[PDB]
Structures are given as structure tokens and as C-alpha cells.
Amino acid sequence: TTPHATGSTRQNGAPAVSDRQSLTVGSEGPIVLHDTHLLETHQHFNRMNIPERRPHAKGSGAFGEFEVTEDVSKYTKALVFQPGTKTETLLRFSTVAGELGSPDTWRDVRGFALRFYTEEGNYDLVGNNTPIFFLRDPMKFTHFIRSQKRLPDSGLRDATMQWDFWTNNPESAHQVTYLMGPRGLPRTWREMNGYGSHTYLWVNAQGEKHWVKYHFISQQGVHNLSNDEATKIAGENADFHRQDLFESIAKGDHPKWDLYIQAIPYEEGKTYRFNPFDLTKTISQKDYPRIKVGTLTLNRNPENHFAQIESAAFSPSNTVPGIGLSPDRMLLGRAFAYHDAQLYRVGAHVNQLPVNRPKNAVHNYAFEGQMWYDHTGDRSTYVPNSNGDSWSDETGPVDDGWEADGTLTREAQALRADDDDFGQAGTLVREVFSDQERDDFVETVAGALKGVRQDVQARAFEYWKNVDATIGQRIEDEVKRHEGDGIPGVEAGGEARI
């Protein structure tokens, strides 16, 4: 390359001389302090690792395209969803509880984090493989995730801790049912569905509002593993899902999902018999049918997993005109939490990394900070200014809001006509599952309760009977026989657990 090149450089671009031997006083002498290549390479090595995500540490993803094939402009003005629009995407899939090195095939929720690189900013639909969640207020989320992780003394996951939390938070029943059913163990990420879970707001060009749910239905179908199959794979190939996705795309097999929405008129949000602002509820498709939007295709692997996947930073706060948040307390907490975490995990300038940069021009009032790659030159740092550096100042009601009235309180959401903690779980068990899925569900839940401390087991029997009397008694009977499946990723009992 250069006249004095050696095959590699230091960080300043000068030849490095050797990537294989340190600088010593003769062959037998000590290493000198001024081996600057040894220092730079080791100091960087020592700073490669970054905090893993909490939750959703273990995951991978791919790039692709979304194509709108229907007309939903009467519901939203968002550029990404206008007729015919094609938009580049990034999708990261993940588990929830396990850490960076944990097996892909533990029983768990899966993440479905989808970025659209739109012409009006990065739009992130940060979803999961379920339409609901375990909780309806974000104050509980910290407790839930800690209960899914490790005991403070022994450092082991513990089903007693998990069930102690779930049984004492009965709002969890709908999603625990989903988790313990077939879909707790996707065969591949290509063979699971994605969902927004929350109600979001869509706003059309005239300002009319609808409450919407997102459903990404896999064109590869929904295919799952048994507990025993998933345990075997966890030992044989801890990266089975990561490998599957990369190999599939490398061979030219590009997985697809069709996006559908449900759309509730603004005024009906307040009156519907299930609370659309309660993340533990689904909305009936008889009442609000699915409406097709378009198709997502994944077609391109990362070239650098760490820079393009590990360093990606998704957030529900990354809305675009035509799409807003909703009165769902969980979503409102998420609006804060992701960006906050990313400032620590990645850095203040996380959104300047290529994968997080929008396609359109950023004109944002933020300056300085560590690792400021793309600076603002001599632009004004304040507003209004007399130097022609524009700012925003729209006054009055926003286009993507709603109304509220009351005293400051900490209390449960008011119940709609058909709201409770157990009924939708019961519909899932009784009406949605097949007989074989119910049989497997009993083996799963009974196994998940094996070795759990008996006080917690007794509460779990009541919890499951509240879901469904028959399933609850079947579970109790099997637990009392000390039978049930091993659950990949967690157990109970012994001197190192509760």
C-alpha cells in the first residue's frame, strides 16, 4: 500500500510492524511499556463488549423490504403505508429472558422488532410473536423481567420465582396461557407470527383517528417444537434460530409475512367491551376484521452482526406522521424506556450509527456529547434565532393525541363490560387449542410446576382453574403425580432455588 507498509496498521494508519510478537528487550527480555500496538489492540479488545439488551439479549436479524399492496390511506397519512410504497426494512428476532450466550430454543416469548427506513424518518414497530403481554402497567415490568431471570444468591433461573410473580399478578393469565401453549417454542423465526400487541393510533390526512392493531402473518405458517425437541436442540445447537435465518437467506429463501390491521373508530375506543388500551386483551376479529396492508420480505443478511444487529437500537418512540401512540400505559412507558437504555448500552449518539440513521435529513436540536460523528457546523444552538436555522413551533392540540380527565392516581384501569383476567385465556384453552394442543399444554404447565414450592403450586392450581376448571384440574392431577415435561431453559427445586 504505502512505501513502508507491513500488512496492517495501528489506529493512526501507520504500519503496525507485527500482529504476532510483542516489543521486548532482546528475545528473552521484558515487554516495554511503549509497545503501543499491543496497548491499542488489548485496550480495544477490553472494550469490545457492551451491555447486552435487557430484556431480549439473544437474537439476530436480516434486512428486507415492505411492499404496500392495498389502500389504507383512509386510515393513515403515513408515507410508509401509502398505496404502492416500497420501503427498506430491518427485522431483529430474539428471545426475552436469556443472556447473550443462551440457547435460542428455550421456552419464551420471541421479539419481532421491525424498522421501516421511511422517507419521513425511521418508523419502528417493536413487536413480539404474541398479540398480548403479561402486564397492563409498566411499573410491574421491571419486577416481571427480574422474576424471569436469576435468583440473587445462586444465579439460577427458578420456576418458583416465575410462578410466584405470575400467580400474584393474575393479569398475566392470557399471555402465560399463550406462552405455555404450542407457540412458546417456535421451530424457526420464519415460522412464527409477529404482532404489534398494543393498540396504536392511525391519523389520516384530514385528521380523523382510528385505533389500530398490527398482525404479521407468516407465509411459512406457524410451526413449533415440543419441549423435548427444543431441549435437545438447546444442547446440540444453541444458535439454531440464528443459523436457520442466515442460512435460509444465504441460499436465496426469503421469508415473508403479510401485514393486516384491525381498525377501531376513535369514539369506539372508549366504549368497546374489551379495553383496547389493556395490553392483556385481544380485540375480536368478528367485531373488527383484519384488513390487509401489504407484505414484508426478508432478503439480505448482515455483513457485520455486531454493527448492524447488536448495535441496532429500536424504539416505539420512533413514530412517523400518521402513526401515534395510545392510552395503553405499557406503550407510554416504552416510549421512554428504550431510548434511555440505549444511551447507556450504546451511547448518546446511538442514532448516528449507520443502522440507526434515517434516510431523510435530520435537523434536530441536539449538539456535542461523546462520539459525535456528524456535527452541525456553525448552526444555531437555540430557538427562535435570527440566523435562518429553522425550528418547529406548532401550537395547540396535536394530531396524534386524545383526551383525559381526572385526579392524579395510582390504580387499576377501569373494567369494560367484558374485561377480566381469565376469560380470554379460557377462550384460548377451550376454543382455540386442539385436543392434542390441550394435552401438550397440560404436560407443559405441569412440568413447569414440577419442584415449585408448594405454597406457590397451590396458588397456581387456583390460577389455572380460574382460566378453565377442566384444564386446571388436569394440571393439578399431573403435578400431584410428579409428572410433566422438562421445560427448556428453567427448572425448580433443590438447595440452590426457592
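Note that residue numbering follows the sequence shown and begins at 1.
Participant: Higher mean Cα B-factor in the deposited model: 283-291 or 402-410?
Facilitator: Higher mean C-alpha B-factor in the PDB entry: 283-291.
Participant: If you take the mean CA temperature factor per stretch, which one wins between 109-117 and 357-365?
Facilitator: Taking the mean B-factor of the alpha carbons in each, 357-365 is higher.
Participant: Out of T142, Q342, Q175, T395, which shows the largest CA B-factor listed in the entry?
Facilitator: Max CA B-factor in the entry, restricted to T142, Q342, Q175, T395: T395.
Participant: Which of these has the highest Cα B-factor in the record: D164, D158, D378, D124?
Facilitator: Within the set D164, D158, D378, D124, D378 shows the top C-alpha B-factor.
Participant: Among all modelled residues of this chain, ranked by Cα B factor, put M180 in the bottom, middle or top third, i.e. lowest, middle or highest.
Facilitator: Lowest third of the chain for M180's C-alpha B-factor.
Participant: Among the modelled residues of its chain, does the C-alpha B-factor of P55 lie in the lowest, middle or highest third?
Facilitator: Bottom third by C-alpha B-factor.
Participant: State the tercile, meaning the lowest, middle or highest third, of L39 with respect to the CA B-factors recorded for its chain.
Facilitator: Lowest third, going by the recorded CA B-factors of the chain.
Participant: Once the chain's modelled residues are ordered by C-alpha B factor and cut into thirds, is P170 in the lowest, middle or highest one?
Facilitator: As the PDB entry reports it, the C-alpha B-factor of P170 lands in the middle third of its chain.
Participant: Taking only the Cα B-factors deposited for this chain, tell me whether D71 sits in the lowest, middle or highest third.
Facilitator: Tercile = highest for this residue's CA B-factor.
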